[PDB]
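Novice: Sequence first, structure after; it's an experimental one.
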Amino acid sequence: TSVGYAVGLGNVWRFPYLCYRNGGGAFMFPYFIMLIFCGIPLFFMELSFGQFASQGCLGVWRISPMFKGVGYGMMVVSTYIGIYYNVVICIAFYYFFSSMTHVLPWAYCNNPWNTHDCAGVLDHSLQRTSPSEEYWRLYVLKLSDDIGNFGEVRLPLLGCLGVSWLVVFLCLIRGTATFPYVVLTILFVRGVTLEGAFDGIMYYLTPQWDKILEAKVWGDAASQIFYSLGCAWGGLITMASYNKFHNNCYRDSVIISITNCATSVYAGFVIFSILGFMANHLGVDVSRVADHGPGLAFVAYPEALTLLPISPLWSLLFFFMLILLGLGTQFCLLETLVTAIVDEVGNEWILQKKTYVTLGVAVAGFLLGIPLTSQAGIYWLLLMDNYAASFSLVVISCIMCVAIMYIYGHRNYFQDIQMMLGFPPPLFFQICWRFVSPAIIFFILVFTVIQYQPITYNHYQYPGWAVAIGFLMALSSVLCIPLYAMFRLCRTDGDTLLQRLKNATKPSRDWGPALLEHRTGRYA
């Protein structure tokens, strides 16, 4: 049809380092399996569910009011996600402003912010370092040893974060595509004909059959397959309201998922190409050429731009594109939260004064993002990526999927699609929804708990209190489900622990098509 949009920050910065962190090519096959049997079939459901009634992340839960806690917990995940994008976005603002010189600062192994073991590509001891790494570590952030020393605050980064939180606010209060693909193609053309790039593509292929029997690989695969698509992420169910009741959500689900996966894999090729040259010209293997840190795009992409002629223009376009991409994501991600919180109160004094709540949500993010921009920035930003976005979105999505088709009913939802789409859901979709995906999610979740929780599960050797804080934050996103369930069970008429459950999970009196002339049969 046309461009499938997508191509967010979860396709240029997240996947390239997640794949390297999960051992490289051992992550691709589980990713394909989890996208085929827990991806697309977890997207058509959300599209149909939103197209049912024109609502957002909240309000749609009129099927089982006791389960409305899923919606409230869904925002909590978005809050922990829509706060650490700007820190990454702010770093992009520190590179756009830095690329204002005839020669790029991260392109010469002679600058004062280097060491004696620095290596070069243009024109001792052990563990040779590429000139790009000794810019992200010793000059941008000045990272300390660990969380043990908080350090001072990087003034340039703190200043750039203010603009990151300001431009979004100004653009929000006042009231495109095919560009990433051409830049990615230009970056792909270079760095592959260079000698040594062949080794960097093989490591992106030939998956290791020995390592596929683990838990971390599939755990990350489920998170990535749900994070990029938008399942329980916010900003996906809400826009389903702005869709015609007779729109082919099946075609959109088929096209968007494939396009997003193709873009992510293409970014994988682009990123892993430079790693081969790094390994070749440094003298180490591909698996240990870099570090398993949160920033790999800022370590691999800049060197590719250096090799290209007339590099400053390319850098200016690339980082400008990245900034616009991040702002485009954050715009919707924050606007949906503001709309939900405004509609939640349902009052008048907090209705016409929407500017104040917009300032309040924006000011809160600015203040709470201060400690991320400091001498211990990498570790704190990286802590909120393992125990904040992983193993919570998948759990919430699985619980929602079970609740829709095992309490409301499997015949009802299947019958409804006939009244929306001409042809019934395919027999593949019926089997995958009912048994396959919930069983896979349950098996992964139980296997990550029964086994594989030793000290070696700590891939990063975090201290006990820090991992305790991360575990506490992880629970908060998922622990909202039973609390609201009990809260609503209190209000229900207290007969016995059999009738209260039925009296609190039945559909409400306004569950049906959003508009009239569509409620004529069962939903009339």
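Specialist: That came through fine. Numbering: from 1, shown residues only.
Novice: Tell me where the stretch 101-250 of the chain has helices.
Specialist: In the stretch 101-250 of the chain, the helices defined using DSSP state H, counting those that start in this stretch lie at 133-136, 155-173, 179-189, 199-202, 216-227, 249-282.
Novice: relative to helix 249-282, how tilted is the third one?
Specialist: Same thing as helix 179-189. Taking axes from the mean of the first three to the mean of the last three CA atoms, to 10 degrees, one finds helix 179-189 and helix 249-282 inclined to each other by 30 degrees.
Novice: Return the distance of helix 179-189 from the chain's centre.
Specialist: 22 Å (CA atoms, centre = their mean, to the nearest Å).
Novice: Would you mark the buried spots in that helix?
Specialist: For helix 179-189, burial by neighbour count (16 or more other CB atoms under 10 Å) applies to 180, 183-184, 187. To be clear about C-beta, it is placed using only N, CA and C from the backbone, and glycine gets the same treatment.
Novice: returning to that earlier point: now the helices of the stretch 101-250 of the chain in JSON lines, with distance to residue 335?
Specialist: Listed next are those as JSON lines, based on distance: least, CB to CB, whole Å:
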{"stretch": "helix 133-136", "distance to residue 335": "32"}
{"stretch": "helix 155-173", "distance to residue 335": "6"}
{"stretch": "helix 179-189", "distance to residue 335": "22"}
{"stretch": "helix 199-202", "distance to residue 335": "40"}
{"stretch": "helix 216-227", "distance to residue 335": "20"}
{"stretch": "helix 249-282", "distance to residue 335": "20"}
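Novice: got the contact list for stretch 130-147?
Specialist: 91, 94, 105-109, 113-115, 118-121, 150-151, 154, 157, 278, 281-282, 290, 295, 298-300, 302-303, 306, 375-380, 462-463, 466 (CB atoms under 8 Å, 6 or more residues apart in numbering).
Novice: Please repeat the previous calculation with a cut-off of 7 Å.
Specialist: 94, 105-106, 108-109, 113-115, 118-120, 151, 154, 278, 282, 295, 298-299, 302-303, 375-379, 463, 466 (CB atoms under 7 Å, 6 or more residues apart in numbering).
Novice: that older thread, hey, which of the helices of the stretch 101-250 of the chain is tucked in deepest?
Specialist: Across the helices of the stretch 101-250 of the chain, averaging neighbours per residue (mean count of other CB atoms under 10 Å) puts helix 216-227 on top, at a mean of 23.
Novice: check contacts around residue 292.
Specialist: Neighbour list for residue 292: 20-21 [criterion: CB under 7 Å, 6+ apart].
Novice: One more pass at 8 Å, please.
Specialist: Going by CB under 8 Å, 6+ apart, the list of residues near residue 292 reads 17, 20-21, 459.
Novice: Could you list which of those residues belong to helices?
Specialist: Mapping these onto helices (DSSP state H) picks out 17, 20-21.
Novice: now those as JSON lines including neighbour count and distance to residue 385?
Specialist: Shown next, in JSON lines, are these (neighbours: other CB atoms under 10 Å; distance: CB to CB, whole Å):
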{"residue": "17", "neighbour count": "22", "distance to residue 385": "10"}
{"residue": "20", "neighbour count": "25", "distance to residue 385": "14"}
{"residue": "21", "neighbour count": "18", "distance to residue 385": "10"}
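Novice: Mind putting those residues into TSV with distance to residue 399?
Specialist: Compiled in TSV, the ones in helices among the contacts of residue 292 are given as follows (distance: CB to CB, whole Å):
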residue	distance to residue 399
17	29
20	31
21	27
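Novice: Do a quick rundown of the helices in the stretch 301-450 of the chain.
Specialist: Counting by DSSP H, counting those that start in this stretch, the helices of the stretch 301-450 of the chain are 311-345, 354-368, 377-386, 393-406, 410-420, 427-431, 437-450.
Novice: State the distance from the residue nearest to residue 158 when sequence neighbours are not counted to residue 143.
Specialist: The shortest distance from residue 158 to any non-neighbouring residue, by CB to CB, 6 or more residues apart in numbering, is to residue 373 (5.1 Å). Remark: distance between residue 373 and residue 143 (CB to CB, to the nearest Å) = 12 Å.
Novice: same deal with residue 219?
Specialist: From residue 219 to residue 143 the distance is 27 Å (CB to CB).
Novice: do residue 359 as well
Specialist: Distance, residue 359 to residue 143, by CB to CB: 33 Å.
Novice: and those two? which has more neighbours close in?
Specialist: Taking neighbours as other CB atoms under 10 Å, residue 359 and residue 143 compare with residue 143 leading, 18 against 12.
Novice: before we move on, back to that, so which of the ones in helices among the contacts of residue 292 comes closest to residue 87?
Specialist: residue 17 (15.2 Å; CB to CB).
Novice: I'd say that closest one and residue 291 touch.
Specialist: No. Taking contacts as CB atoms under 8 Å, residue 17 lies outside contact range of residue 291: 9.7 Å.
Novice: Not including adjacent chain positions, what is the nearest residue to residue 88?
Specialist: In space, residue 88 is closest to residue 13, 6.5 Å off (CB to CB, 6+ apart).
Novice: CA atoms of stretch 182-200 as CSV?
Specialist: C-alpha atoms of stretch 182-200 as CSV (Å, rounded to 0.1, in the frame of the first residue of the first chain):
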residue,chain,number,x,y,z
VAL,A,182,17.9,6.3,2.3
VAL,A,183,20.3,7.3,5.0
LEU,A,184,20.5,3.6,6.2
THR,A,185,21.2,2.5,2.6
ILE,A,186,24.0,5.1,2.3
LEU,A,187,25.5,3.9,5.5
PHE,A,188,25.1,0.3,4.3
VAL,A,189,26.9,0.8,1.0
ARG,A,190,30.1,1.9,2.9
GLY,A,191,31.6,-0.4,5.5
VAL,A,192,30.8,-3.6,3.6
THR,A,193,33.2,-3.4,0.7
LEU,A,194,35.9,-2.7,3.3
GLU,A,195,38.0,-5.8,4.1
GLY,A,196,36.9,-7.5,7.3
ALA,A,197,33.2,-6.9,7.1
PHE,A,198,32.5,-10.5,6.0
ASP,A,199,33.3,-11.8,9.5
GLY,A,200,30.7,-9.4,10.9
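Novice: Would you mind writing the CA trace of stretch 223-235 as CSV?
Specialist: The C-alpha trace of stretch 223-235 is given here as CSV (Å, rounded to 0.1, in the frame of the first residue of the first chain):
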residue,chain,number,x,y,z
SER,A,223,10.3,-8.4,25.3
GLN,A,224,11.8,-7.1,22.0
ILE,A,225,8.9,-8.7,20.0
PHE,A,226,6.4,-6.8,22.2
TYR,A,227,8.4,-3.6,22.8
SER,A,228,8.8,-2.7,19.1
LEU,A,229,5.3,-3.7,18.0
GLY,A,230,3.7,-1.8,20.8
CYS,A,231,1.8,-4.6,22.7
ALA,A,232,0.7,-3.1,26.0
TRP,A,233,3.2,-0.3,25.3
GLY,A,234,0.8,2.5,24.9
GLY,A,235,0.1,4.7,21.9
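Novice: Let me see the residues that make contact with it.
Specialist: Outside stretch 223-235, the residues that touch it by CB under 8 Å, 6+ apart are 6, 8, 10-11, 14-15, 18, 31, 34-35, 38-39, 42-43, 46, 57, 74-75, 77-78, 81, 236, 257, 260, 264, 332-333, 336-337, 389-391, 393-394, 396-397, 400.
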